[PDB]
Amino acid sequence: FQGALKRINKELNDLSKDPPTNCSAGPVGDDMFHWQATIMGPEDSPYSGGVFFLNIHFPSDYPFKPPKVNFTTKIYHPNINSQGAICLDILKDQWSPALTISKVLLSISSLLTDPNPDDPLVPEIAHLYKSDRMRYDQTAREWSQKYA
């Protein structure tokens, strides 16, 4: 998309002018299609105080295809797997070119507060979330401390 860079520039400027709460992101190096992000664990969650890094790759077709967002920090969450993949609706079928990386980051932060156990990337964690929520919560706390 001859116009993807202009849009990533628009978004860089606005994540700068009006940043998402408990989040930051920006380019890494001379490669504008490659961002990194930091998300602070939300306080009303077992991720509280944890500091999570994310890798972002904008597709050549951006904003028509969603960014590919991966956690680089290890994390115990039913919608996030070993490779850092995030099962999030707006990264998949609910993407629109009218969405922004800021909105993506805020939805990820909401996902940390409110997991979706019924659309899991990790079945065992999802099951523990539904059946013994404090076991999941304690582990999420342990992992936040060890890895984040």
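The first residue of the sequence shown is number 1, and the count goes up from there.
Which of 60-68 and 44-52 has higher mean CA B factor, as the PDB entry lists it: It is 44-52 that shows the higher mean C-alpha B-factor.
Comparing 136-144 with 123-131, the one whose average Cα B-factor in the PDB entry is higher: Here the higher of the two C-alpha B-factor means belongs to 123-131.
Criterion, highest CA B-factor; candidates, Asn81, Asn116, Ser96, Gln36: That would be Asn116.
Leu111 - which third its CA temperature factor falls in, relative to the rest of the chain: CA B-factor rank for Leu111: middle third.
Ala25 - Cα temperature factor, lowest/middle/highest third of chain: Tercile = lowest for this residue's CA B-factor.
Relative C-alpha B-factor of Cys87, binned into the chain's lowest, middle or highest third: Ranked within chain, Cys87 CA B lands in the highest tercile.
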